[PDB]
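Colleague: My questions will all concern the structure given below.
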Amino acid sequence: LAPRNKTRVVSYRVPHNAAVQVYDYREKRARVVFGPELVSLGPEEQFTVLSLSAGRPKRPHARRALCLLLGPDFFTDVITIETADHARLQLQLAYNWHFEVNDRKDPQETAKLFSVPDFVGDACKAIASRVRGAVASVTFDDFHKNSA
Amino acid sequence: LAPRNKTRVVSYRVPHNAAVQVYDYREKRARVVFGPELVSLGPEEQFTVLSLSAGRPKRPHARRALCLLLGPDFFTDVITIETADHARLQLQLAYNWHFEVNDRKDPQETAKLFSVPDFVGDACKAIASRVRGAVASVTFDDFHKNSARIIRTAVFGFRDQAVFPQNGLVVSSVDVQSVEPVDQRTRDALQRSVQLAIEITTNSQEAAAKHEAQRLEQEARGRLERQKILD
Amino acid sequence: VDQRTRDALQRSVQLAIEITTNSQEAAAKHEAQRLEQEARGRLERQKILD
Ligand SMILES: Nc1ncnc2c1ncn2[C@@H]1O[C@H](COP(=O)(O)OP(=O)(O)O)[C@@H](O)[C@H]1O
Ligand SMILES: Nc1ncnc2c1ncn2[C@@H]1O[C@H](COP(=O)(O)OP(=O)(O)O)[C@@H](O)[C@H]1O
């Protein structure tokens with residue numbers, strides 16, 4: 001609403017069950033902060049911006065963030081499958097996910113949380129394919145009955 | 001927006017999981033920088049510009065960059081294949097890729113990351129051909145049914161990854177996302193196929209009900225006739 | 001190159017489809033006829049046991 005003072009050290013409150021990635025281009029030094037803390041950019045430090053998939057039928061590049069929500073949530077997708085009988089089906093699915101973080105002090109592991117650019121659409125399409133494959137080898141009646 | 005001062009040393013922040021290539025035409029010296037660092041051009045140093053393929057049905061020379069995104073991503077392509085039956089199919093595919101970089105200090109290996117000019121369209125067309133070949137030798141029904149195992153082996157020949165040794169790319173998975181007949185009259189012919197499949201299950205409950213009706217109607221008659229005689 | 005060749009190849013697939021719809025309709029009928037006889041086998045034996 002009001003132009004921020006640019007001479008003020010830039011801070012960010014990181015929400016619970018999340019993490020940000022910040023790189024220091026002067027001191028050439030990386031860090032990832034976890035959880036409910038406040039993070040302050042140095043003179044030349046920067047945030048990573050995560051561009052993520054969102055929408056009913058998930059589209060890439062619909063959401064942008066600075067923190068990675070690590071914590072247990074779900075996301076929901078609408079698929080279109082087809083049976084060995086050519087019965088065209090439309091599915092409403094939901095995926096319960098979370099990030100195992102073995103060691104939070106480990107700088108090699110902790111950077112991998114940010115490897116995959118769009119971890120939402122990655123798991124959507126990678127699962128939406130596993131589902132379209134098994135079901136073309138299954139018939140309609142069998143699927144209407146054992147879909148679960 | 002505003003004309004840059006030209007007397008200022010030219011710098012570039014290289015993003016995470018990426019690399020730039022810069023050559024020094026004065027000191028005759030090459031370097032490749034990796035990762036999240038800042039790179040500053042010298043008086044006569046230059047960047048390599050990578051012209052890359054982009055679009056739904058990938059077209060060459062649609063994107064331009066200075067950094068090579070090394071890191072694990074996917075790109076998606078729309079193919080047109082055809083079966084031993086001449087059923088024309090349109091496919092939505094996705095390719096999970098990344099660059100194995102054995103030694104980042106190795107100047108001979110690290111330059112090969114920039115050998116192949118358009119590494120996107122290279123892997124697209126080189127895979128889109130591997131798929132069009134196997135599927136003309138396969139029939140429609142067999143493909144509508146086994147499309148996932150078919151396509152996986154056509155890409156990974158005798159194998160969990162396709163390596164491209166020129167630059168070092170790999171493709172670790174192919175997700176098939178949609179398979180559609182191009183022509184509509186084929187999709188009609190497939191529509192009447194399911195209307196039958198339904199009537200085959202409605203006829204089976206109506207025949208399975210009738211056989212149970214006829215069985216009980218006889219269990220009564222068996223007793224009603226025996227009861228008259230016992231009276 | 002020629003379109004009339006692509007038409008001649010188009011009728012080739014319309015047949016290929018009808019060949020698979022005829023095969024499920026003949027494979028269903030053979031299962032219908034098999035069960036209809038498994039009942040008749042029992043319904044006729046049941047009348048005699050009564
Ligand atoms: N800042 C963030 N960091 C990481 N993940 C996020 C962030 N914001 C949203 N997400 C996740 O991305 C997904 C976006 O999908 P969304 O459209 O919210 O799904 P839904 O239709 O179930 O609401 C959500 O599941 C959400 O948990
Ligand atoms: N600067 C870059 N360096 C290397 N690869 C890039 C760069 N920018 C984009 N790419 C890759 O090139 C591909 C371009 O295809 P794109 O049209 O983005 O595919 P999609 O339709 O899946 O978005 C993308 O997969 C992207 O990962």
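Ligands are numbered from 1 in the order shown, chains are lettered A, B, ... in the order of the structure tokens, and residues start at 1 in each chain.
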Kindly provide, as a PyMOL selection string, the residues of chain A having any atom no farther than 12 Å from an atom of chain C, counting only C-alpha atoms.

Modeller: chain A and resi 84-86

Colleague: Find the residues near ligand 1. Use a cut-off of 12 Å, count only C-alpha atoms and all ligand atoms, and write them as a PDB file with N, CA, C and O atoms, in the first residue's frame.

Modeller:
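File part.pdb, as written:
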ATOM      1  N   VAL A  14       9.168 -16.614   8.500  1.00  0.00           N
ATOM      2  CA  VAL A  14       8.966 -17.904   7.854  1.00  0.00           C
ATOM      3  C   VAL A  14       7.888 -18.643   8.638  1.00  0.00           C
ATOM      4  O   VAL A  14       8.008 -18.758   9.861  1.00  0.00           O
ATOM      5  N   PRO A  15       6.838 -19.132   7.995  1.00  0.00           N
ATOM      6  CA  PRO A  15       5.750 -19.764   8.738  1.00  0.00           C
ATOM      7  C   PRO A  15       6.142 -21.134   9.271  1.00  0.00           C
ATOM      8  O   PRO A  15       7.128 -21.740   8.860  1.00  0.00           O
ATOM      9  N   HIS A  16       5.362 -21.606  10.242  1.00  0.00           N
ATOM     10  CA  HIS A  16       5.543 -22.950  10.782  1.00  0.00           C
ATOM     11  C   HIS A  16       5.485 -23.987   9.674  1.00  0.00           C
ATOM     12  O   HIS A  16       4.698 -23.863   8.735  1.00  0.00           O
ATOM     13  N   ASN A  17       6.313 -25.021   9.797  1.00  0.00           N
ATOM     14  CA  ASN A  17       6.334 -26.145   8.864  1.00  0.00           C
ATOM     15  C   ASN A  17       6.644 -25.677   7.446  1.00  0.00           C
ATOM     16  O   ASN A  17       5.944 -25.999   6.489  1.00  0.00           O
ATOM     17  N   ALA A  18       7.706 -24.890   7.328  1.00  0.00           N
ATOM     18  CA  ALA A  18       8.091 -24.361   6.033  1.00  0.00           C
ATOM     19  C   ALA A  18       9.583 -24.090   6.052  1.00  0.00           C
ATOM     20  O   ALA A  18      10.250 -24.318   7.061  1.00  0.00           O
ATOM     21  N   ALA A  19      10.102 -23.609   4.919  1.00  0.00           N
ATOM     22  CA  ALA A  19      11.510 -23.261   4.790  1.00  0.00           C
ATOM     23  C   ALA A  19      11.724 -22.348   3.595  1.00  0.00           C
ATOM     24  O   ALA A  19      11.015 -22.418   2.592  1.00  0.00           O
ATOM     25  N   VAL A  20      12.714 -21.478   3.724  1.00  0.00           N
ATOM     26  CA  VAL A  20      13.120 -20.573   2.660  1.00  0.00           C
ATOM     27  C   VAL A  20      14.555 -20.895   2.306  1.00  0.00           C
ATOM     28  O   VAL A  20      15.280 -21.512   3.092  1.00  0.00           O
ATOM     29  N   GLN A  21      14.973 -20.458   1.125  1.00  0.00           N
ATOM     30  CA  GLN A  21      16.355 -20.604   0.706  1.00  0.00           C
ATOM     31  C   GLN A  21      16.887 -19.234   0.344  1.00  0.00           C
ATOM     32  O   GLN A  21      16.249 -18.501  -0.413  1.00  0.00           O
ATOM     33  N   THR A  48      15.088 -17.387  -2.874  1.00  0.00           N
ATOM     34  CA  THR A  48      14.614 -18.193  -3.981  1.00  0.00           C
ATOM     35  C   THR A  48      13.108 -18.032  -4.085  1.00  0.00           C
ATOM     36  O   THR A  48      12.403 -18.039  -3.079  1.00  0.00           O
ATOM     37  N   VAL A  49      12.616 -17.871  -5.304  1.00  0.00           N
ATOM     38  CA  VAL A  49      11.185 -17.804  -5.556  1.00  0.00           C
ATOM     39  C   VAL A  49      10.768 -19.108  -6.206  1.00  0.00           C
ATOM     40  O   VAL A  49      11.342 -19.511  -7.222  1.00  0.00           O
ATOM     41  N   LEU A  50       9.779 -19.766  -5.622  1.00  0.00           N
ATOM     42  CA  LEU A  50       9.271 -21.029  -6.125  1.00  0.00           C
ATOM     43  C   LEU A  50       8.004 -20.776  -6.922  1.00  0.00           C
ATOM     44  O   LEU A  50       7.046 -20.204  -6.400  1.00  0.00           O
ATOM     45  N   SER A  51       8.007 -21.179  -8.184  1.00  0.00           N
ATOM     46  CA  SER A  51       6.833 -21.091  -9.037  1.00  0.00           C
ATOM     47  C   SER A  51       6.179 -22.464  -9.082  1.00  0.00           C
ATOM     48  O   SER A  51       6.833 -23.454  -9.414  1.00  0.00           O
ATOM     49  N   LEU A  52       4.900 -22.523  -8.734  1.00  0.00           N
ATOM     50  CA  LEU A  52       4.251 -23.783  -8.421  1.00  0.00           C
ATOM     51  C   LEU A  52       2.972 -23.930  -9.225  1.00  0.00           C
ATOM     52  O   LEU A  52       2.427 -22.959  -9.751  1.00  0.00           O
ATOM     53  N   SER A  53       2.501 -25.169  -9.318  1.00  0.00           N
ATOM     54  CA  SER A  53       1.280 -25.449 -10.054  1.00  0.00           C
ATOM     55  C   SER A  53       0.063 -25.298  -9.153  1.00  0.00           C
ATOM     56  O   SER A  53       0.087 -25.663  -7.978  1.00  0.00           O
ATOM     57  N   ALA A  54      -1.005 -24.737  -9.711  1.00  0.00           N
ATOM     58  CA  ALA A  54      -2.248 -24.560  -8.984  1.00  0.00           C
ATOM     59  C   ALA A  54      -3.403 -24.590  -9.968  1.00  0.00           C
ATOM     60  O   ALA A  54      -3.215 -24.509 -11.181  1.00  0.00           O
ATOM     61  N   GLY A  55      -4.606 -24.710  -9.433  1.00  0.00           N
ATOM     62  CA  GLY A  55      -5.805 -24.800 -10.241  1.00  0.00           C
ATOM     63  C   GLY A  55      -6.492 -26.145 -10.073  1.00  0.00           C
ATOM     64  O   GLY A  55      -5.960 -27.085  -9.477  1.00  0.00           O
ATOM     65  N   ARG A  56      -7.720 -26.256 -10.574  1.00  0.00           N
ATOM     66  CA  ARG A  56      -8.455 -27.520 -10.469  1.00  0.00           C
ATOM     67  C   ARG A  56      -7.711 -28.547 -11.304  1.00  0.00           C
ATOM     68  O   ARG A  56      -7.189 -29.532 -10.778  1.00  0.00           O
ATOM     69  N   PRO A  57      -7.722 -28.357 -12.627  1.00  0.00           N
ATOM     70  CA  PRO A  57      -6.914 -29.212 -13.490  1.00  0.00           C
ATOM     71  C   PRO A  57      -5.575 -28.474 -13.500  1.00  0.00           C
ATOM     72  O   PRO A  57      -5.351 -27.609 -14.346  1.00  0.00           O
ATOM     73  N   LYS A  58      -4.724 -28.793 -12.531  1.00  0.00           N
ATOM     74  CA  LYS A  58      -3.419 -28.152 -12.334  1.00  0.00           C
ATOM     75  C   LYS A  58      -2.633 -27.642 -13.539  1.00  0.00           C
ATOM     76  O   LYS A  58      -2.273 -28.399 -14.429  1.00  0.00           O
ATOM     77  N   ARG A  59      -2.373 -26.339 -13.531  1.00  0.00           N
ATOM     78  CA  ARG A  59      -1.594 -25.671 -14.551  1.00  0.00           C
ATOM     79  C   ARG A  59      -0.291 -25.189 -13.931  1.00  0.00           C
ATOM     80  O   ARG A  59      -0.285 -24.703 -12.797  1.00  0.00           O
ATOM     81  N   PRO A  60       0.821 -25.303 -14.645  1.00  0.00           N
ATOM     82  CA  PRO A  60       2.085 -24.815 -14.101  1.00  0.00           C
ATOM     83  C   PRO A  60       2.111 -23.297 -14.081  1.00  0.00           C
ATOM     84  O   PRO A  60       1.424 -22.626 -14.852  1.00  0.00           O
ATOM     85  N   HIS A  61       2.904 -22.761 -13.155  1.00  0.00           N
ATOM     86  CA  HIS A  61       3.149 -21.323 -13.052  1.00  0.00           C
ATOM     87  C   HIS A  61       1.871 -20.559 -12.727  1.00  0.00           C
ATOM     88  O   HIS A  61       1.497 -19.614 -13.422  1.00  0.00           O
ATOM     89  N   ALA A  62       1.184 -20.987 -11.674  1.00  0.00           N
ATOM     90  CA  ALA A  62      -0.021 -20.322 -11.211  1.00  0.00           C
ATOM     91  C   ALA A  62       0.105 -19.791  -9.793  1.00  0.00           C
ATOM     92  O   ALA A  62      -0.749 -19.010  -9.363  1.00  0.00           O
ATOM     93  N   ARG A  63       1.140 -20.175  -9.078  1.00  0.00           N
ATOM     94  CA  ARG A  63       1.348 -19.717  -7.718  1.00  0.00           C
ATOM     95  C   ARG A  63       2.829 -19.410  -7.580  1.00  0.00           C
ATOM     96  O   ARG A  63       3.634 -19.990  -8.265  1.00  0.00           O
ATOM     97  N   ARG A  64       3.187 -18.453  -6.741  1.00  0.00           N
ATOM     98  CA  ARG A  64       4.570 -18.080  -6.487  1.00  0.00           C
ATOM     99  C   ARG A  64       4.768 -17.904  -4.996  1.00  0.00           C
ATOM    100  O   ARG A  64       3.909 -17.339  -4.315  1.00  0.00           O
ATOM    101  N   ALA A  65       5.907 -18.360  -4.499  1.00  0.00           N
ATOM    102  CA  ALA A  65       6.158 -18.362  -3.074  1.00  0.00           C
ATOM    103  C   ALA A  65       7.632 -18.135  -2.810  1.00  0.00           C
ATOM    104  O   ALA A  65       8.461 -18.225  -3.711  1.00  0.00           O
ATOM    105  N   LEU A  66       7.940 -17.825  -1.558  1.00  0.00           N
ATOM    106  CA  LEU A  66       9.313 -17.743  -1.099  1.00  0.00           C
ATOM    107  C   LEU A  66       9.646 -18.854  -0.128  1.00  0.00           C
ATOM    108  O   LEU A  66      10.804 -19.271  -0.055  1.00  0.00           O
ATOM    109  N   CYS A  67       8.658 -19.334   0.611  1.00  0.00           N
ATOM    110  CA  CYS A  67       8.825 -20.441   1.531  1.00  0.00           C
ATOM    111  C   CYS A  67       8.276 -21.704   0.896  1.00  0.00           C
ATOM    112  O   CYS A  67       7.298 -21.682   0.150  1.00  0.00           O
ATOM    113  N   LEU A  68       8.948 -22.804   1.179  1.00  0.00           N
ATOM    114  CA  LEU A  68       8.494 -24.126   0.807  1.00  0.00           C
ATOM    115  C   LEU A  68       7.705 -24.694   1.965  1.00  0.00           C
ATOM    116  O   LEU A  68       8.260 -24.910   3.042  1.00  0.00           O
ATOM    117  N   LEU A  69       6.416 -24.918   1.755  1.00  0.00           N
ATOM    118  CA  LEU A  69       5.599 -25.599   2.746  1.00  0.00           C
ATOM    119  C   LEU A  69       6.050 -27.051   2.787  1.00  0.00           C
ATOM    120  O   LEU A  69       5.743 -27.833   1.889  1.00  0.00           O
ATOM    121  N   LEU A  70       6.800 -27.395   3.828  1.00  0.00           N
ATOM    122  CA  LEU A  70       7.263 -28.761   4.009  1.00  0.00           C
ATOM    123  C   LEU A  70       6.145 -29.667   4.497  1.00  0.00           C
ATOM    124  O   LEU A  70       6.125 -30.863   4.196  1.00  0.00           O
ATOM    125  N   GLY A  71       5.220 -29.119   5.264  1.00  0.00           N
ATOM    126  CA  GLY A  71       4.437 -29.898   6.185  1.00  0.00           C
ATOM    127  C   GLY A  71       3.341 -30.691   5.539  1.00  0.00           C
ATOM    128  O   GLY A  71       2.960 -30.451   4.393  1.00  0.00           O
ATOM    129  N   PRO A  72       2.796 -31.647   6.291  1.00  0.00           N
ATOM    130  CA  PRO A  72       1.763 -32.531   5.749  1.00  0.00           C
ATOM    131  C   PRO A  72       0.538 -31.785   5.275  1.00  0.00           C
ATOM    132  O   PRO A  72      -0.194 -31.216   6.082  1.00  0.00           O
ATOM    133  N   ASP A  73       0.294 -31.794   3.974  1.00  0.00           N
ATOM    134  CA  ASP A  73      -0.944 -31.255   3.447  1.00  0.00           C
ATOM    135  C   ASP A  73      -1.429 -32.223   2.386  1.00  0.00           C
ATOM    136  O   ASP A  73      -0.881 -33.311   2.217  1.00  0.00           O
ATOM    137  N   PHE A  74      -2.470 -31.827   1.675  1.00  0.00           N
ATOM    138  CA  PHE A  74      -2.886 -32.546   0.491  1.00  0.00           C
ATOM    139  C   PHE A  74      -3.084 -31.569  -0.648  1.00  0.00           C
ATOM    140  O   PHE A  74      -3.327 -30.382  -0.432  1.00  0.00           O
ATOM    141  N   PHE A  75      -2.951 -32.071  -1.870  1.00  0.00           N
ATOM    142  CA  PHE A  75      -3.429 -31.363  -3.042  1.00  0.00           C
ATOM    143  C   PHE A  75      -4.264 -32.308  -3.884  1.00  0.00           C
ATOM    144  O   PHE A  75      -4.137 -33.530  -3.799  1.00  0.00           O
ATOM    145  N   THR A  76      -5.120 -31.715  -4.699  1.00  0.00           N
ATOM    146  CA  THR A  76      -6.221 -32.411  -5.336  1.00  0.00           C
ATOM    147  C   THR A  76      -6.150 -32.177  -6.837  1.00  0.00           C
ATOM    148  O   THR A  76      -5.876 -31.058  -7.278  1.00  0.00           O
ATOM    149  N   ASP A  77      -6.373 -33.229  -7.619  1.00  0.00           N
ATOM    150  CA  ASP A  77      -6.275 -33.129  -9.065  1.00  0.00           C
ATOM    151  C   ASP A  77      -7.446 -33.837  -9.728  1.00  0.00           C
ATOM    152  O   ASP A  77      -8.020 -34.777  -9.179  1.00  0.00           O
ATOM    153  N   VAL A  78      -7.797 -33.362 -10.915  1.00  0.00           N
ATOM    154  CA  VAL A  78      -8.831 -33.958 -11.751  1.00  0.00           C
ATOM    155  C   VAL A  78      -8.164 -34.612 -12.954  1.00  0.00           C
ATOM    156  O   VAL A  78      -7.536 -33.930 -13.769  1.00  0.00           O
ATOM    157  N   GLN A  92     -11.621 -37.472  -9.499  1.00  0.00           N
ATOM    158  CA  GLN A  92     -11.271 -36.476  -8.491  1.00  0.00           C
ATOM    159  C   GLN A  92     -10.368 -37.153  -7.470  1.00  0.00           C
ATOM    160  O   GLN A  92     -10.823 -38.029  -6.736  1.00  0.00           O
ATOM    161  N   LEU A  93      -9.085 -36.784  -7.441  1.00  0.00           N
ATOM    162  CA  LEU A  93      -8.128 -37.451  -6.563  1.00  0.00           C
ATOM    163  C   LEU A  93      -7.460 -36.442  -5.649  1.00  0.00           C
ATOM    164  O   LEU A  93      -7.429 -35.249  -5.935  1.00  0.00           O
ATOM    165  N   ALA A  94      -6.902 -36.941  -4.551  1.00  0.00           N
ATOM    166  CA  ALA A  94      -6.257 -36.116  -3.543  1.00  0.00           C
ATOM    167  C   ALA A  94      -5.024 -36.834  -3.029  1.00  0.00           C
ATOM    168  O   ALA A  94      -5.061 -38.047  -2.822  1.00  0.00           O
ATOM    169  N   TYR A  95      -3.941 -36.093  -2.816  1.00  0.00           N
ATOM    170  CA  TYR A  95      -2.638 -36.675  -2.537  1.00  0.00           C
ATOM    171  C   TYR A  95      -2.095 -36.136  -1.224  1.00  0.00           C
ATOM    172  O   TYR A  95      -1.775 -34.952  -1.129  1.00  0.00           O
ATOM    173  N   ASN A  96      -1.973 -37.001  -0.227  1.00  0.00           N
ATOM    174  CA  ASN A  96      -1.405 -36.628   1.060  1.00  0.00           C
ATOM    175  C   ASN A  96       0.108 -36.783   0.994  1.00  0.00           C
ATOM    176  O   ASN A  96       0.607 -37.879   0.741  1.00  0.00           O
ATOM    177  N   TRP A  97       0.826 -35.692   1.251  1.00  0.00           N
ATOM    178  CA  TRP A  97       2.261 -35.610   1.025  1.00  0.00           C
ATOM    179  C   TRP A  97       2.963 -34.915   2.179  1.00  0.00           C
ATOM    180  O   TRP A  97       2.345 -34.206   2.970  1.00  0.00           O
ATOM    181  N   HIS A  98       4.278 -35.109   2.250  1.00  0.00           N
ATOM    182  CA  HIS A  98       5.129 -34.356   3.162  1.00  0.00           C
ATOM    183  C   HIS A  98       6.577 -34.628   2.798  1.00  0.00           C
ATOM    184  O   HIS A  98       6.875 -35.548   2.036  1.00  0.00           O
ATOM    185  N   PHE A  99       7.476 -33.825   3.356  1.00  0.00           N
ATOM    186  CA  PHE A  99       8.909 -33.956   3.126  1.00  0.00           C
ATOM    187  C   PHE A  99       9.589 -34.568   4.338  1.00  0.00           C
ATOM    188  O   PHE A  99       9.618 -33.959   5.407  1.00  0.00           O
ATOM    189  N   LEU A 113      15.735 -30.057  -1.109  1.00  0.00           N
ATOM    190  CA  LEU A 113      14.339 -29.653  -0.973  1.00  0.00           C
ATOM    191  C   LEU A 113      13.945 -28.683  -2.073  1.00  0.00           C
ATOM    192  O   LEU A 113      12.760 -28.537  -2.388  1.00  0.00           O
ATOM    193  N   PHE A 114      14.921 -28.012  -2.662  1.00  0.00           N
ATOM    194  CA  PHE A 114      14.683 -26.993  -3.667  1.00  0.00           C
ATOM    195  C   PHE A 114      15.149 -27.415  -5.049  1.00  0.00           C
ATOM    196  O   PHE A 114      15.130 -26.598  -5.968  1.00  0.00           O
ATOM    197  N   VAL A 116      13.818 -29.904  -7.291  1.00  0.00           N
ATOM    198  CA  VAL A 116      12.697 -29.994  -8.214  1.00  0.00           C
ATOM    199  C   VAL A 116      12.000 -28.640  -8.228  1.00  0.00           C
ATOM    200  O   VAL A 116      11.486 -28.203  -7.191  1.00  0.00           O
ATOM    201  N   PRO A 117      11.964 -27.943  -9.355  1.00  0.00           N
ATOM    202  CA  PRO A 117      11.371 -26.601  -9.387  1.00  0.00           C
ATOM    203  C   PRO A 117       9.912 -26.567  -8.964  1.00  0.00           C
ATOM    204  O   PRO A 117       9.537 -25.761  -8.112  1.00  0.00           O
ATOM    205  N   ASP A 118       9.082 -27.435  -9.534  1.00  0.00           N
ATOM    206  CA  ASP A 118       7.642 -27.439  -9.286  1.00  0.00           C
ATOM    207  C   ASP A 118       7.254 -28.802  -8.731  1.00  0.00           C
ATOM    208  O   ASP A 118       6.836 -29.684  -9.478  1.00  0.00           O
ATOM    209  N   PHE A 119       7.363 -28.962  -7.417  1.00  0.00           N
ATOM    210  CA  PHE A 119       7.197 -30.288  -6.835  1.00  0.00           C
ATOM    211  C   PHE A 119       5.736 -30.709  -6.828  1.00  0.00           C
ATOM    212  O   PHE A 119       5.429 -31.890  -6.647  1.00  0.00           O
ATOM    213  N   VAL A 120       4.821 -29.762  -7.027  1.00  0.00           N
ATOM    214  CA  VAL A 120       3.400 -30.097  -7.061  1.00  0.00           C
ATOM    215  C   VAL A 120       3.046 -30.745  -8.385  1.00  0.00           C
ATOM    216  O   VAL A 120       2.569 -31.883  -8.432  1.00  0.00           O
ATOM    217  N   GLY A 121       3.263 -30.026  -9.484  1.00  0.00           N
ATOM    218  CA  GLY A 121       2.927 -30.563 -10.789  1.00  0.00           C
ATOM    219  C   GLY A 121       3.757 -31.775 -11.147  1.00  0.00           C
ATOM    220  O   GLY A 121       3.344 -32.601 -11.961  1.00  0.00           O
ATOM    221  N   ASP A 122       4.941 -31.895 -10.555  1.00  0.00           N
ATOM    222  CA  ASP A 122       5.763 -33.076 -10.766  1.00  0.00           C
ATOM    223  C   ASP A 122       5.074 -34.329 -10.250  1.00  0.00           C
ATOM    224  O   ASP A 122       5.011 -35.341 -10.950  1.00  0.00           O
ATOM    225  N   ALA A 123       4.565 -34.284  -9.017  1.00  0.00           N
ATOM    226  CA  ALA A 123       3.912 -35.453  -8.442  1.00  0.00           C
ATOM    227  C   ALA A 123       2.533 -35.670  -9.039  1.00  0.00           C
ATOM    228  O   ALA A 123       2.027 -36.793  -9.052  1.00  0.00           O
ATOM    229  N   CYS A 124       1.899 -34.611  -9.528  1.00  0.00           N
ATOM    230  CA  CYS A 124       0.606 -34.783 -10.176  1.00  0.00           C
ATOM    231  C   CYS A 124       0.734 -35.594 -11.456  1.00  0.00           C
ATOM    232  O   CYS A 124       0.140 -36.667 -11.580  1.00  0.00           O
TER     233      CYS A 124
END

Colleague: What are the closest atom pairs, with distances in Å to one decimal, for each residue of chain A lying within 8 Å of chain B, using only C-alpha atoms, rows by chain and rising residue number, as a tab-separated table?

Modeller:
residue	atom	partner	partner_atom	distance
A:23	CA	B:36	CA	7.2
A:25	CA	B:37	CA	6.0
A:28	CA	B:37	CA	6.9
A:84	CA	B:145	CA	6.2
A:85	CA	B:194	CA	6.0
A:86	CA	B:194	CA	6.1
A:87	CA	B:194	CA	6.0
A:115	CA	B:72	CA	7.0
A:116	CA	B:72	CA	6.1
A:117	CA	B:73	CA	7.0
A:125	CA	B:175	CA	7.2
A:126	CA	B:175	CA	6.4
A:128	CA	B:177	CA	7.4
A:129	CA	B:175	CA	5.7
A:132	CA	B:177	CA	7.6
A:133	CA	B:148	CA	5.7
A:136	CA	B:145	CA	5.3
A:137	CA	B:145	CA	5.4
A:141	CA	B:201	CA	7.9

Colleague: Around ligand 2, which protein and nucleic acid residues have at least one atom no more than 8 Å from it, if we count only C-alpha atoms and all ligand atoms? List them as JSON, numbers by chain.

Modeller: {"A": [60], "B": [18, 50, 52, 53, 54, 55, 56, 58, 63, 64, 65, 66, 67, 68, 69, 70, 73, 74, 75, 76, 77, 94, 120]}

Colleague: Can I get the selected residues back with C-alpha atoms, as a tab-separated table (two decimals), in the first residue's frame?

Modeller:
chain	number	residue	atom	x	y	z
A	60	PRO	CA	2.09	-24.82	-14.10
B	18	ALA	CA	22.49	-23.80	-13.71
B	50	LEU	CA	21.72	-20.61	-25.94
B	52	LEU	CA	16.39	-23.36	-27.37
B	53	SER	CA	13.20	-25.03	-28.48
B	54	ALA	CA	9.89	-24.12	-26.88
B	55	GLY	CA	6.17	-24.35	-27.55
B	56	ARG	CA	3.51	-27.06	-27.31
B	58	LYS	CA	8.18	-27.74	-29.95
B	63	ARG	CA	13.65	-19.28	-26.26
B	64	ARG	CA	17.04	-17.64	-25.58
B	65	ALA	CA	19.15	-17.89	-22.46
B	66	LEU	CA	22.58	-17.26	-21.02
B	67	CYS	CA	22.51	-19.93	-18.32
B	68	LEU	CA	22.06	-23.62	-18.93
B	69	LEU	CA	19.50	-25.06	-16.54
B	70	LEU	CA	21.34	-28.21	-15.52
B	73	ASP	CA	13.14	-30.67	-14.73
B	74	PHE	CA	10.75	-31.99	-17.33
B	75	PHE	CA	9.65	-30.84	-20.74
B	76	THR	CA	6.52	-31.90	-22.55
B	77	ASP	CA	5.87	-32.66	-26.21
B	94	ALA	CA	6.76	-35.59	-20.73
B	120	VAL	CA	15.75	-29.66	-25.81

Colleague: Within 12 Å of residue 39 (chain C), counting only C-alpha atoms, which residues qualify if same-chain residues fewer than 5 places away don't, as number ranges by chain?

Modeller: B: 207-215; C: 32-34, 44-46

Colleague: For a quick test of understanding: name the residues of chain B lying within 7 Å of chain C when counting only C-alpha atoms, and present them as a list in words.

Modeller: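 Contact residues on the first chain: residues 85, 86, 87, 186, 189, 193, 200, 211, 215 and 222 of chain B.
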
Colleague: Just write the chosen residues, N, CA and C atoms, as an mmCIF file, in the first residue's frame.

Modeller:
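Below you can see selection31.cif, which holds the result:
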data_model
loop_
_atom_site.group_PDB
_atom_site.id
_atom_site.type_symbol
_atom_site.label_atom_id
_atom_site.label_comp_id
_atom_site.auth_asym_id
_atom_site.auth_seq_id
_atom_site.Cartn_x
_atom_site.Cartn_y
_atom_site.Cartn_z
ATOM 1 N N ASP B 85 -2.114 -50.516 -38.098
ATOM 2 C CA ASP B 85 -3.467 -50.493 -38.622
ATOM 3 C C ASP B 85 -3.815 -49.179 -39.288
ATOM 4 N N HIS B 86 -2.914 -48.198 -39.226
ATOM 5 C CA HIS B 86 -3.114 -46.873 -39.816
ATOM 6 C C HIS B 86 -4.114 -46.055 -39.011
ATOM 7 N N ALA B 87 -4.155 -46.308 -37.709
ATOM 8 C CA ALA B 87 -4.887 -45.478 -36.766
ATOM 9 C C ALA B 87 -3.979 -44.349 -36.300
ATOM 10 N N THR B 186 -13.142 -41.834 -36.088
ATOM 11 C CA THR B 186 -12.576 -42.947 -35.337
ATOM 12 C C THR B 186 -13.063 -42.926 -33.900
ATOM 13 N N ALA B 189 -16.500 -44.437 -33.847
ATOM 14 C CA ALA B 189 -16.412 -45.888 -33.910
ATOM 15 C C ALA B 189 -15.988 -46.476 -32.576
ATOM 16 N N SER B 193 -18.420 -48.720 -29.334
ATOM 17 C CA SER B 193 -17.814 -49.884 -28.702
ATOM 18 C C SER B 193 -18.186 -49.978 -27.233
ATOM 19 N N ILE B 200 -23.823 -55.430 -22.263
ATOM 20 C CA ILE B 200 -23.373 -56.785 -21.995
ATOM 21 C C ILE B 200 -23.427 -57.076 -20.502
ATOM 22 N N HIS B 211 -32.302 -66.786 -13.621
ATOM 23 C CA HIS B 211 -31.921 -68.132 -13.227
ATOM 24 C C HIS B 211 -32.173 -68.358 -11.745
ATOM 25 N N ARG B 215 -35.047 -70.889 -10.047
ATOM 26 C CA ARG B 215 -34.611 -71.909 -9.108
ATOM 27 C C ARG B 215 -35.526 -71.957 -7.902
ATOM 28 N N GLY B 222 -41.598 -78.004 -5.561
ATOM 29 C CA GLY B 222 -41.168 -79.268 -5.005
ATOM 30 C C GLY B 222 -41.864 -79.586 -3.701
#
